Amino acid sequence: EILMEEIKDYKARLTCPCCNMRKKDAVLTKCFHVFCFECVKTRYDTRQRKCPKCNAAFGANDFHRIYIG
């Protein structure tokens, strides 16, 4: 139905595109791309320290939690 497709699109817009699973709640402050915290933190801890979207490098001070909804 039309209402449900709209719900699905909102859910997708709030969902991390990296895992397609957890909600967006983290920002990389070099490039300002948004993901879930777990995806960014696991990349940081494993030394895969590039933005999943645009490949910009980031370090310990370059990602932080945010709260959208």
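In this text, residue numbers run from 1 along the sequence as written.
Student: By the record's CA B-factor, is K23 among the lowest, middle or highest third of residues in the chain?
Tutor: Answer is lowest: the recorded C-alpha B-factor places it there.
Student: Quick one: classify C54 as lowest, middle or highest third of the chain based on its Cα B-factor.
Tutor: Its C-alpha B-factor belongs to the highest third of this chain's values.
Student: If you rank every modelled residue in this chain by C-alpha B factor, which third holds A60: lowest, middle or highest?
Tutor: Middle third of the chain for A60's C-alpha B-factor.
Student: Within this chain's modelled residues, let me know which third the CA B factor of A12 belongs to: lowest, middle or highest.
Tutor: Top third by C-alpha B-factor.
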